[PDB]
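Q:
Protein chains in written order, with my numbering: chain Y, 3 to 119; chain S, 556 to 680; chain G, 124 to 242; chain A, 148 to 273.
Set out below in structure tokens:
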């Protein structure tokens, strides 16, 4: 580590570890279950043409029951959820669902985050 | 209220990680791959498992010429180098834009370069 | 952010890294049953005016709240993510996280403390 | 138990951020400070509010000579530079350790270099 090159490498390595640790899947779903926004991370690590602008329940029917509920919950109770095996075609995965309030106060969107464990 | 706060937070975090992500690979003197990061794995047809202990020149022959010169430069002048990617066959896909390549020598206890570190970055203009 | 020149890209890259670290930055120390501090963040030390001191002796106004939260974790043997604090450590909220540390035997000799900021 | 998984996790993260953190400062081409890290503030006598709209060369006079040569290099050769901090008085106050300095020019739409970025990195040997 006496050479500046080594220091440089260390940094790059550490940043790579930090980034790979915080890496998570993210998309935003409209209240008709369509995706208005997604991670390069989600798109590059799961399951046609592109995820942007289509149905989540139809993209992952293997967990469409589980998903509908977790989304439906958010927009009705209007709060975040946090769930505990595997819930996507990517020990397991954790899911987080945040409702997004419009300026009037109505939810028309939820944020979906899946974390690898 | 607190919901948009959480949402905006996850959104921001996500957007920084997407913009800071880069490919990283470590190779021996013989151009044998010893380490690779998740971003690298996901942008080549190969898994990191098969790539372990393979020669990067052999694994990517369309970029071998360019890559060898770049690695060899770092081995001989004994210092890191940073530049955009000169040669038309890119090692990695992009997903007008371009790619920077960084090459960093790793010195042994004795002083000699025994590994070198490659990082590829993606820029959109 | 006129990223056509390569120097501009590097500067963007650094500013972004800086932004991320600012975001993730938090205060961490580790105390034992004595309430003595045996480990602490550079972040923590650079943000309050430390190793070997008593966490309660250091922050007098908060001492009441701090003891509770520490002693909770070790009795439940589980974690305590919480906000509530009035008299916390140097509105703009500060969330607190306490995590027990099971020693080789199984009994808890330490807890981790984490304080976070929010805009 | 699960408790140790969380602790080690926070410790890991915490030690990663300690090692990746660096001081960052943007200066106009007349040496006037435009933007600065929280991490930079914490390690100088000044605070961010006070520093903004002031000349770096005036704020750290014992370092001005070295800093001007570094910033001017960027300004004239139109390129970034990276080296250890070579002058005896270090800008920032942090088993021997040493500091690295990176100067990066920033081009305007026109082409002209109107700001430069400064980043000070801390290394630790042995």
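Beta carbons: idealized from backbone N, C-alpha and C, even for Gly.
Under 9 Å between beta-carbons, which chain G residues line up against residue 655(S)? List them in chain order, please.
A: Correct list: 129, 132 and 133.
Q: Compare the C-beta of residue 21(Y) against all C-beta atoms of chain A and say whether one is closer than 7 Å.
A: For residue 21(Y), the answer is no, since every Cβ of chain A falls outside 7 Å of its Cβ.
Q: Are there 16 or more other CB atoms within 10 angstroms of the CB of residue 111(Y), so buried, or fewer, so exposed?
A: With 16 or more other Cβ atoms within 10 Å, it is buried.
Q: Express the C-alpha separation of residue 127(G) and residue 63(Y) in angstroms, rounding to a whole number.
A: Distance between the alpha carbons of residue 63(Y) and residue 127(G) is about 43 Å.
Q: Name the chain G residues whose beta carbon is nearer than 7 Å to that of residue 256(A)?
A: Neighbours of residue 256(A) on chain G, chain order: 125.
Q: How about residue 672(S) and residue 9(Y): are their beta carbons less than 7 Å apart?
A: Cβ atoms of residue 672(S) and residue 9(Y): not closer than 7 Å.
Q: What residues of chain A sit near residue 137(G), judged by a beta carbon separation below 9 Å?
A: Those are 169, 171, 249, 251, 264 and 266, listed as they occur along chain A.
Q: Where do the ends of the alpha helix (DSSP H) carrying residue 24(Y) lie?
A: Its alpha helix (DSSP H) spans residues 6-24.
Q: Give, in chain order, every unbroken run of the beta strand (DSSP E) that is at least 3 residues long and sits entirely within the region 25-56 of chain Y.
A: Segments of the beta strand (DSSP E) lying fully in the region 25-56 of chain Y: 27-32 and 37-40.
Q: With DSSP as the reference, identify every bridge partner of residue 652(S), one or two as the case may be.
A: BP columns for residue 652(S) point to 679(S).
Q: Determine the DSSP secondary structure at residue 60(Y), reduced to helix, strand or coil.
A: It is helical.
Q: Once the 5 residues before and after residue 61(Y) are set aside, which same chain residues still bring their CB inside 8 Å of it?
A: These residues qualify, in order along the chain: 49 and 53.
Q: Answer with yes or no whether the minimum CB distance from residue 165(G) to chain A is below 7 Å.
A: Interface residue, yes.
Q: Compare the C-beta of residue 635(S) against all C-beta atoms of chain Y and say whether one is closer than 7 Å.
A: It does; some Cβ of chain Y falls within 7 Å.
Q: Any chance the region 151-165 of chain G sits against the region 615-631 of chain S, with 3 or more Cβ pairs inside 8 Å?
A: Because the criterion of three Cβ pairs below 8 Å is not met, the region 151-165 of chain G and the region 615-631 of chain S do not touch.
Q: For residue 245(A), which of 267(A), 194(A) and 174(A) has the nearest alpha-carbon?
A: When only C-alpha atoms are compared, the closest one is 267(A).
Q: According to DSSP, simplified to helix, strand and coil, what is residue 669(S)?
A: Note: residue 669(S) maps to strand in three-state DSSP.
Q: Would you mind sorting residue 631(S) into buried or exposed? The rule is 16 or more other CB atoms within 10 Å of its CB.
A: Counting Cβ neighbours within 10 Å, residue 631(S) comes out exposed, since fewer than 16 surround it.
Q: Do residue 233(G) and the ligand FMN come close, with the Cβ less than 6 Å from some heavy atom?
A: For the ligand FMN, the structure offers nothing, since it holds no ligand at all.
Q: Tell me which same chain residues have a C-beta within less than 6 Å of the C-beta of residue 625(S), skipping the five on either side of it?
A: Excluding positions up to five away in sequence, the list reads 658.
Q: Put residue 98(Y) into one of helix, strand or coil per three-state DSSP.
A: If DSSP states are grouped into helix, strand and coil, residue 98(Y) belongs with the strands.
Q: Within 10 angstroms of its Cβ, does residue 119(Y) collect 16 or more other Cβ (buried), or is it exposed?
A: So residue 119(Y) ends up on the exposed side.
Q: With 7 Å set as the bound, which would you pick, yes or no: does the beta-carbon of residue 46(Y) sit closer than that to a beta-carbon of chain S?
A: Taking Cβ atoms only, chain S reaches closer than 7 Å to residue 46(Y), which makes this a yes.
Q: To the nearest angstrom, report how far apart residue 51(Y) and residue 577(S) are at their CA atoms.
A: Roughly 24 Å separates the two Cα atoms.
Q: Is residue 24(Y) closer than 7 Å to residue 41(Y) when the C-beta atoms are compared?
A: Result no, Cβ atoms of residue 41(Y) and residue 24(Y) do not sit closer than 7 Å.
Q: What does the alpha-carbon distance come out to for the pair residue 104(Y) and residue 97(Y)?
A: Near 23 Å, if we compare the C-alpha coordinates of residue 97(Y) and residue 104(Y).
Q: Helix, strand or coil: how does DSSP classify residue 635(S) here?
A: Reduced to three states, the DSSP call for residue 635(S) is coil.
Q: Please classify residue 230(A) as buried or exposed, where buried requires at least 16 other C-beta atoms within 10 Å of its C-beta.
A: Exposed, because fewer than 16 other Cβ atoms sit within 10 Å of the Cβ of residue 230(A).
Q: Strictly by DSSP, which residues pair up with residue 103(Y)?
A: Residue 103(Y) pairs with 109(Y).
Q: Give me the chain G residues within the contact set of residue 161(A), using Cβ-Cβ distance strictly less than 8 Å, ordered along the chain.
A: Result: 149, 151, 164 and 166.
Q: So, is the C-beta of residue 582(S) closer than 7 Å to a C-beta in chain G?
A: Cβ-Cβ to chain G under 7 Å: no for residue 582(S).
Q: Within a Cβ cutoff of 7 Å, which residues of the same chain sit near residue 204(A), ignoring the five residues on either side of it in sequence?
A: The residues are 178, 211, 214 and 215.
Q: Taking residue 124(Y) as part of the alpha helix (DSSP H), name the residues at either end of that continuous run.
A: Because chain Y here runs from 3 to 119, residue 124(Y) falls outside it and cannot be looked at.
Q: Can you have a look at residue 156(A) and say buried or exposed, based on whether 16 or more other CB atoms are within 10 angstroms of its CB?
A: Result: exposed.
Q: In angstroms, rounded to a whole number, what distance separates the CA positions of residue 582(S) and residue 202(A)?
A: Their Cα atoms are separated by approximately 44 Å.
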